Asker: 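This is the structure I have questions about; it appears just below.
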Amino acid sequence: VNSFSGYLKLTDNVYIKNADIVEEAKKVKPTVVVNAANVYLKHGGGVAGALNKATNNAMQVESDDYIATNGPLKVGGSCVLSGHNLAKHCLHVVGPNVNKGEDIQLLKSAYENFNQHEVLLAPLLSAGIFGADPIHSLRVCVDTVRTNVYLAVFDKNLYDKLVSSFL
Ligand SMILES: O=c1[nH]ccc2ccccc12
């Protein structure tokens, strides 16, 4: 049993809810929240900007030190950093950004990072300002992630479309 509430069950391991990810993390304090990161960990907008704002910029400060030491992530890659006030850990995952011309095949590689964690609160990778089709992102998630993933979808309209169209 876990603390996640109000989710619709899509599969054995994937759950979905219309929820503000900042507000869901604050309520649950999950072991892992996933950030929709870029390779520079520049958390300016979307999931990354909202999560970072909720940490009072402490996520960005920590991220800048990580990049100064390690250099940029790979598209499809990830790193584990603090969850600050939102979670124990934040898994920063880089999905491909279609608005930069990145290979959508890298979306499966991105979701494979989730398999290193037994339970996660996450957004749909490469959705929103990353430009991918969220219906596609949900299909890749279901077909790639084997661990237990609780997906928060910001747009009620999109949430209802993801559920209604789910195979
Ligand atoms: O701006 C946001 N606040 C809280 C959640 C969120 C999720 C996706 C994109 C933007 C936001």
Side-chain angles (χ1 to χ4, degrees), residues 1-10 13-26 28-67 73 75 77-100 107 110-111 113-114 116-138 140-142 145 147-163:
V1 172
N2 66 51
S3 161
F4 287 106
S5 175
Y7 288 72
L8 175 71
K9 181 172 182 57
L10 294 173
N13 66 297
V14 178
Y15 294 79
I16 195 166
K17 185 185 179 176
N18 174 219
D20 175 328
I21 196 163
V22 171
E23 287 311 311
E24 191 74 4
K26 282 198 289 189
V28 175
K29 291 291 235 87
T31 305
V32 180
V33 64
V34 174
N35 181 33
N38 59 52
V39 295
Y40 306 110
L41 301 178
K42 287 172 54 89
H43 308 305
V47 166
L51 292 170
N52 175 60
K53 178 179 178 186
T55 76
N56 180 46
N57 211 51
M59 178 181 284
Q60 190 65 66
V61 169
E62 178 194 32
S63 292
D64 290 346
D65 169 85
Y66 173 89
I67 297 288
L73 299 178
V75 179
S78 70
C79 67
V80 179
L81 290 173
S82 180
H84 299 279
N85 56 316
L86 303 180
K88 187 178 200 281
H89 304 287
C90 180
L91 181 69
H92 293 273
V93 180
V94 185
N97 187 328
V98 176
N99 305 318
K100 304 179 174 171
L107 186 53
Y111 274 115
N113 296 287
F114 289 25
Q116 299 295 317
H117 302 278
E118 287 194 351
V119 182
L120 315 87
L121 171 62
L124 286 167
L125 299 179
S126 297
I129 70 175
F130 282 60
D133 176 3
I135 295 170
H136 176 67
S137 182
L138 178 56
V140 178
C141 180
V142 162
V145 181
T147 58
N148 292 324
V149 57
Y150 288 86
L151 293 169
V153 176
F154 189 67
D155 201 80
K156 171 57 163 154
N157 182 293
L158 173 60
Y159 171 84
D160 286 349
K161 181 174 144 131
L162 286 167
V163 169

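The first residue in the sequence is number 1, and the count goes up from there. Below, each value reflects all heavy atoms present in this structure, side chains not excepted, and no hydrogens, waters or symmetry copies.
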Asker: Is there a side-chain contact between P30 and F4 in this structure, where contact means two heavy atoms from C-beta onward sitting under 4.5 Å apart?
Answerer: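 Yes, at least one pair of side-chain atoms sits under 4.5 Å.
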Asker: At what distance, to the nearest 0.5 angstrom, does OH of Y159 lie from NZ of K17?
Answerer: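 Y159 atom OH to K17 atom NZ measures 9.5 Å (nearest 0.5 Å).
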Asker: Do you know the tightest heavy-atom contact between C90 and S82?
Answerer: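 Shortest heavy-atom separation between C90 and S82 comes out as CB-O, 3.4 Å.
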Asker: Name all residues meeting the side chain to side chain donor-acceptor pair (under 3.5 Å) criterion together with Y7; count only those two or more places apart in sequence or in a different chain, and write none if there are none.
Answerer: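 Checked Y7 against side chain to side chain donor-acceptor pair (under 3.5 Å); matches are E24.
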Asker: Are any non-hydrogen side-chain atoms of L51 and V22 less than 4.5 angstrom apart?
Answerer: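 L51 reaches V22 side chain to side chain.
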Asker: What closest approach, in Å, do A37 and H92 show between heavy atoms, and which atom pair accounts for it?
Answerer: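 It is CB-CB, 3.9 Å.
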Asker: Keeping the roles fixed (side chain from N113, backbone from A110), state whether a donor-acceptor pair exists under 3.5 Å.
Answerer: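 Flag set: sc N113 to bb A110 pair under 3.5 Å.
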Asker: Who are the ring-ring contact (aromatic ring centres under 6.0 Å, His included) partners of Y15, not counting sequence neighbours?
Answerer: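 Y150.
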Asker: Are any side-chain N or O atoms of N97 and backbone N or O atoms of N99, one a donor and one an acceptor, separated by less than 3.5 Å?
Answerer: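 Present.
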Asker: Hey, what do you get for NE2 (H136) to CG (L124), rounding to the nearest 0.5 Å?
Answerer: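 The CG atom of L124 is 11.0 Å from NE2 of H136, to the nearest 0.5 Å.
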Asker: Can you establish whether the number of heavy atoms outside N56 located under 6.0 Å from its atom CG is more than 12?
Answerer: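 No, because the 6.0 Å sphere around CG of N56 holds 12 heavy atoms or fewer from other groups.
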Asker: Name the one of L151, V149, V142 that satisfies side-chain contact (heavy atoms from CB on, under 4.5 Å) with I16?
Answerer: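 Of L151, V149, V142, side-chain contact (heavy atoms from CB on, under 4.5 Å) with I16 is met by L151 alone.
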Asker: Would you compute the distance between atom CG of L73 and atom SG of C79 and round it to the nearest 0.5 angstrom?
Answerer: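 That separation rounds to 4.5 Å.
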Asker: Indicate yes or no: at least one non-hydrogen side-chain atom of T147 is less than 4.5 angstrom from one of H117.
Answerer: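 Side-chain contact under 4.5 Å: no.
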Asker: Please answer whether the main-chain N or O of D160 pairs with a side-chain N or O of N18 as donor and acceptor at a distance below 3.5 Å.
Answerer: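 Not a single qualifying donor-acceptor pair exists.
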Asker: Do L8 and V163 have side-chain heavy atoms sitting under 4.5 Å apart?
Answerer: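 Side chain of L8 against side chain of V163, heavy atoms only: contact under 4.5 Å found.
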Asker: For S126, which of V140, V94, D133, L107 qualifies under side-chain contact (heavy atoms from CB on, under 4.5 Å)?
Answerer: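 That would be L107; it is the only one of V140, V94, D133, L107 passing the side-chain contact (heavy atoms from CB on, under 4.5 Å) with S126.
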Asker: Going from CG on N85 to NZ on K26, what distance comes out if it is rounded to the nearest 0.5 angstrom?
Answerer: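 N85 CG to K26 NZ: 7.5 Å, rounded to 0.5 Å.
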Asker: Just so I know, are the side chains of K161 and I135 near enough to count as touching, which here means a heavy-atom distance under 4.5 Å?
Answerer: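 Yes. Closest side-chain heavy atoms under 4.5 Å.
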Asker: Between NZ of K42 and OG of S63, what distance do you get to the nearest 0.5 Å?
Answerer: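 If I round to the nearest 0.5 Å, the distance is 11.5 Å.
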Asker: Indicate yes or no: at least one non-hydrogen side-chain atom of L10 is less than 4.5 angstrom from one of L162.
Answerer: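 Answer no - side chains too far apart.
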Asker: So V93 and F114, side chain to side chain contact (heavy atoms under 4.5 Å, CB included) or not? Walk me through it.
Answerer: CA-CA 9 Å; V93 180; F114 289 25; 4.1 Å; yes
Asker: Looking only at heavy atoms, which two atoms of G46 and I129 are closest? And how far apart?
Answerer: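 That would be N-CD1, 3.9 Å.
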Asker: Nearest 0.5 angstrom please: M59 CE to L86 CG, how far?
Answerer: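 Output value for this atom pair is 6.0 Å.
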Asker: Testing the basics here: between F130 and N38, what is the closest heavy-atom pair and its distance to 0.1 Å?
Answerer: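 Minimum heavy-atom contact is CZ-N, 4.4 Å.
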Asker: Should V47 and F154 count as side-chain neighbours, where that means a heavy-atom distance under 4.5 Å?
Answerer: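 No - every pair of side-chain heavy atoms lies 4.5 Å or more apart.
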Asker: Of all residues at least two apart in sequence or in a different chain, which pass the salt bridge (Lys or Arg N to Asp or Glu O under 4.0 Å) check with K9?
Answerer: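 In terms of salt bridge (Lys or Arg N to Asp or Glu O under 4.0 Å), with neighbours along the sequence ignored, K9 is linked to no residue.
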Asker: If every non-hydrogen atom of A122 is compared with every non-hydrogen atom of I21, which pair is closest and at what distance?
Answerer: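 Result for this residue pair: C-CD1, 3.8 Å.
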Asker: Quick one, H89 and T31 - any side-chain contact, counting heavy atoms below 4.5 Å?
Answerer: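 With C-beta onward as the side chain, the pair touches.
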Asker: Provide the closest heavy-atom pair for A19 versus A152 in the form atom of the first, atom of the second, distance.
Answerer: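 Closest pair (atom of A19, atom of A152, distance): O-CB, 3.7 Å.
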Asker: Does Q60 reach the main-chain N or O of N52 with its side chain, forming a donor-acceptor pair under 3.5 Å?
Answerer: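 No; judged by distance alone, with no hydrogens or angles, the pair does not exist.
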